[PDB]
Amino acid sequence: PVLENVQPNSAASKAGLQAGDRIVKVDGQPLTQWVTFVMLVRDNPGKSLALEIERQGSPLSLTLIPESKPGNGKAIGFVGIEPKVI
């Protein structure tokens, strides 16, 4: 759960996230599946998510508040994160 990149002017940028950050915990829970993070974002626009990350081996606590996009019939949360390349 290593971010490939963070878009400027995004919720993730506001949270202080950067390319290369590893998401370790979400709301005090270990992040063991990338899809959990994706779902937390999509389903919780406007909610404050407490992140524990590792950045160059060191721990940081950050606050992420997904922004919204219209979706298609139901607005979704959106953070501006490019997932790791596959």
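Excluded from the calculations below are hydrogen atoms, water molecules and symmetry mates; all remaining heavy atoms, backbone and side chain alike, are included. Here, residue 1 is the first one in the sequence, and each next residue gets the next number.
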Could you pull out all residues at least two apart from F78 that satisfy ring pair (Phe, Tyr, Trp, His ring centres under 6.0 Å)?
none
Applied to residues 10-35, the side-chain hydrogen bond (donor to acceptor under 3.5 Å, both in side chains) test, sequence neighbours excluded, yields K14-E67, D21-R55
Hphob cluster co-occupancy, [X] + [Y], side-chain heavy atoms under 4.5 angstrom:
X   : Y   : answer
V79 : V38 : yes
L49 : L62 : yes
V26 : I65 : no

Pairs satisfying salt bridge (charged side-chain N to carboxylate O under 4.0 Å, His left out), at least one member in residues 68-86, at least two apart:
none
Mind checking what makes side-chain contact (heavy atoms from CB on, under 4.5 Å) contact with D43, not counting sequence neighbours?
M39
Sequence neighbours excluded - ring-ring contact (aromatic ring centres under 6.0 Å, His included) pairs with any residue from residues 4-27
none
According to ring-ring contact (aromatic ring centres under 6.0 Å, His included), does anything in residues 7-29 pair up with another residue at least two apart or in another chain? List the pairs.
none
How close do [X] and [Y] get, counting heavy atoms only, and between which atoms?
X   : Y   : value
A11 : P66 : CB-CA, 4.1 Å
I81 : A12 : CG1-CB, 3.6 Å
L3  : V6  : CD1-CG2, 3.9 Å

Going through the distances and angles, do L31 and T36 end up as a side chain to side chain contact (heavy atoms under 4.5 Å, CB included)?
CA-CA 7 Å; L31 185 66; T36 301; 4.0 Å; yes
Contact between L17 and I23 at the side-chain level, heavy atoms closer than 4.5 Å - yes or no?
yes
